[PDB]
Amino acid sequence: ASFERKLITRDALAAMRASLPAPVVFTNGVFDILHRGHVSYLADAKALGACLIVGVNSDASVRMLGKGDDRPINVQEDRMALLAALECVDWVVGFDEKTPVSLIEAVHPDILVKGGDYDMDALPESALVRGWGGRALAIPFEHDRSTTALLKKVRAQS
(Lines of atoms letter the chains of each structure in order from A and count residues from 1; the text may use other names and numbers.)
(Lines give C-alpha, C1' and ligand atoms only; values in the text may rest on other atoms or scores of the structure.)
Protein backbone atom coordinates (compact mmCIF):
# COMPACT_ATOMS: atom_id res chain seq x y z
CA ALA A 1 0.00 0.00 0.00
CA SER A 2 3.06 2.19 0.13
CA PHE A 3 3.18 2.77 -3.58
CA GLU A 4 -0.28 4.28 -3.18
CA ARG A 5 1.46 7.47 -2.03
CA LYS A 6 1.63 8.29 -5.75
CA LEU A 7 -2.11 8.46 -6.42
CA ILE A 8 -3.06 12.10 -6.48
CA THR A 9 -5.90 14.36 -7.55
CA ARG A 10 -5.62 16.97 -10.30
CA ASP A 11 -6.10 19.75 -7.71
CA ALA A 12 -3.43 18.37 -5.41
CA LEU A 13 -1.00 17.84 -8.30
CA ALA A 14 -1.71 21.41 -9.42
CA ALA A 15 -0.78 22.81 -5.97
CA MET A 16 2.38 20.73 -5.87
CA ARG A 17 3.48 21.57 -9.43
CA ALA A 18 5.73 24.49 -8.53
CA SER A 19 7.75 22.31 -6.12
CA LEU A 20 8.33 19.41 -8.54
CA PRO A 21 11.90 18.87 -9.85
CA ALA A 22 12.48 20.11 -13.39
CA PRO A 23 12.17 18.76 -16.02
CA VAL A 24 8.71 17.35 -15.39
CA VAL A 25 7.72 14.48 -17.66
CA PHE A 26 4.13 13.62 -18.52
CA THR A 27 2.45 10.72 -20.23
CA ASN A 28 -1.07 9.29 -20.41
CA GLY A 29 -2.85 6.08 -21.26
CA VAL A 30 -5.43 3.48 -20.41
CA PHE A 31 -2.88 0.93 -19.23
CA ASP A 32 -5.59 -1.79 -18.94
CA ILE A 33 -3.13 -4.69 -18.88
CA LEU A 34 0.53 -3.80 -18.33
CA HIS A 35 2.94 -5.41 -20.72
CA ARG A 36 6.68 -5.10 -21.24
CA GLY A 37 6.37 -2.30 -23.81
CA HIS A 38 4.49 -0.20 -21.28
CA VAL A 39 7.15 -0.47 -18.59
CA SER A 40 10.12 -0.22 -20.95
CA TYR A 41 8.68 3.05 -22.21
CA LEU A 42 7.62 4.20 -18.76
CA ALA A 43 11.25 3.78 -17.65
CA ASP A 44 12.77 5.62 -20.62
CA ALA A 45 10.34 8.53 -20.13
CA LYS A 46 11.52 8.75 -16.51
CA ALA A 47 15.12 8.80 -17.78
CA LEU A 48 14.38 11.92 -19.87
CA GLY A 49 13.53 13.99 -16.82
CA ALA A 50 13.58 14.24 -13.02
CA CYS A 51 9.93 13.47 -12.43
CA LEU A 52 7.34 11.32 -14.17
CA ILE A 53 3.60 11.87 -14.08
CA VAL A 54 1.17 9.40 -15.67
CA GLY A 55 -2.40 10.41 -16.59
CA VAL A 56 -4.95 7.62 -16.57
CA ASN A 57 -8.27 7.67 -18.41
CA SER A 58 -11.31 7.23 -16.15
CA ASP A 59 -13.61 4.36 -17.04
CA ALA A 60 -16.19 6.71 -18.58
CA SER A 61 -13.46 8.56 -20.48
CA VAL A 62 -12.01 5.32 -21.90
CA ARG A 63 -15.48 4.62 -23.18
CA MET A 64 -15.08 7.72 -25.30
CA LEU A 65 -12.73 6.18 -27.89
CA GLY A 66 -13.15 3.48 -30.53
CA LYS A 67 -9.41 3.10 -31.06
CA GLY A 68 -8.64 0.76 -28.18
CA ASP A 69 -10.88 -1.03 -25.70
CA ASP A 70 -14.17 0.76 -25.17
CA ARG A 71 -14.55 -0.97 -21.81
CA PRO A 72 -11.36 -1.70 -19.90
CA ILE A 73 -11.47 -4.88 -17.82
CA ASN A 74 -9.91 -3.13 -14.86
CA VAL A 75 -11.43 -0.22 -13.10
CA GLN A 76 -9.57 3.07 -13.10
CA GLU A 77 -8.40 2.67 -9.51
CA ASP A 78 -6.86 -0.67 -10.30
CA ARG A 79 -5.19 0.55 -13.49
CA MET A 80 -3.78 3.49 -11.55
CA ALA A 81 -2.62 1.31 -8.64
CA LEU A 82 -0.56 -0.94 -10.96
CA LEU A 83 1.20 2.10 -12.40
CA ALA A 84 1.95 3.42 -8.92
CA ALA A 85 3.67 0.13 -8.04
CA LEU A 86 6.25 0.93 -10.69
CA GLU A 87 9.69 2.14 -9.64
CA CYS A 88 9.97 4.70 -12.40
CA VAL A 89 6.59 6.43 -11.89
CA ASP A 90 6.34 9.29 -9.39
CA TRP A 91 2.72 10.45 -9.67
CA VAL A 92 -0.44 8.90 -11.09
CA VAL A 93 -3.44 11.15 -11.89
CA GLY A 94 -6.83 10.21 -13.31
CA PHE A 95 -8.75 12.37 -15.79
CA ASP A 96 -12.37 12.14 -16.98
CA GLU A 97 -12.32 14.02 -20.28
CA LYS A 98 -11.84 12.22 -23.59
CA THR A 99 -8.39 13.73 -24.14
CA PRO A 100 -5.68 14.70 -21.68
CA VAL A 101 -5.52 18.35 -22.88
CA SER A 102 -7.05 20.08 -19.85
CA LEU A 103 -5.13 17.77 -17.49
CA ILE A 104 -1.89 18.65 -19.31
CA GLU A 105 -2.75 22.32 -19.21
CA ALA A 106 -3.12 22.02 -15.44
CA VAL A 107 0.02 19.95 -14.93
CA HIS A 108 2.25 21.99 -17.25
CA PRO A 109 4.91 19.35 -18.07
CA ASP A 110 8.27 20.34 -19.55
CA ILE A 111 8.29 17.13 -21.55
CA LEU A 112 5.39 15.23 -23.09
CA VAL A 113 5.90 11.66 -24.19
CA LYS A 114 3.88 9.06 -26.01
CA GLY A 115 4.58 5.36 -26.24
CA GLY A 116 4.19 3.82 -29.66
CA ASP A 117 4.51 5.18 -33.18
CA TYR A 118 2.42 8.34 -33.01
CA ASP A 119 2.77 11.48 -35.11
CA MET A 120 3.32 13.97 -32.31
CA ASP A 121 2.40 16.80 -34.71
CA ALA A 122 -1.16 15.36 -34.97
CA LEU A 123 -1.71 15.64 -31.20
CA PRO A 124 -3.42 18.65 -29.59
CA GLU A 125 -1.38 18.16 -26.41
CA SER A 126 1.91 18.40 -28.36
CA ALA A 127 0.92 21.82 -29.55
CA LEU A 128 -0.16 22.75 -26.06
CA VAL A 129 3.16 21.78 -24.49
CA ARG A 130 5.36 23.14 -27.28
CA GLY A 131 3.24 26.28 -27.08
CA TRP A 132 5.06 27.23 -23.88
CA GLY A 133 8.45 25.96 -25.03
CA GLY A 134 8.26 22.34 -23.77
CA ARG A 135 9.14 19.22 -25.76
CA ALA A 136 6.93 16.50 -27.12
CA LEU A 137 8.14 13.19 -28.41
CA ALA A 138 7.23 9.59 -29.12
CA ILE A 139 9.25 6.82 -27.60
CA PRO A 140 8.95 3.49 -29.35
CA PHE A 141 7.63 0.54 -27.31
CA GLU A 142 10.26 -2.11 -27.93
CA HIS A 143 13.57 -1.06 -29.31
CA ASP A 144 16.95 -2.71 -28.99
CA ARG A 145 18.81 -0.79 -26.35
CA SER A 146 22.41 -0.82 -25.23
CA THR A 147 21.35 -1.24 -21.59
CA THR A 148 19.32 -4.26 -22.46
CA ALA A 149 21.99 -6.04 -24.52
CA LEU A 150 24.52 -5.42 -21.74
CA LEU A 151 22.62 -6.63 -18.65
CA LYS A 152 21.59 -9.87 -20.37
CA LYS A 153 25.06 -10.27 -21.82
CA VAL A 154 25.85 -10.44 -18.09
CA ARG A 155 23.12 -13.11 -17.70
CA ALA A 156 24.72 -15.63 -20.08
CA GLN A 157 28.00 -15.54 -18.27
CA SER A 158 26.52 -17.46 -15.42
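When you see a residue number, it is the position in the sequence shown, counting from 1.
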Comparing 104-112 with 58-66, which has the greater mean CA B-factor as deposited? 58-66
Of the two stretches 139-147 and 10-18, which shows the higher Cα B-factor on average in the entry? 139-147
For the CA B factor values reported in this entry, which option in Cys51, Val39, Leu128, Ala122 has the top one? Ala122
Should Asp117 be placed in the lowest, middle or highest third of its chain by the C-alpha B factor in the entry? highest
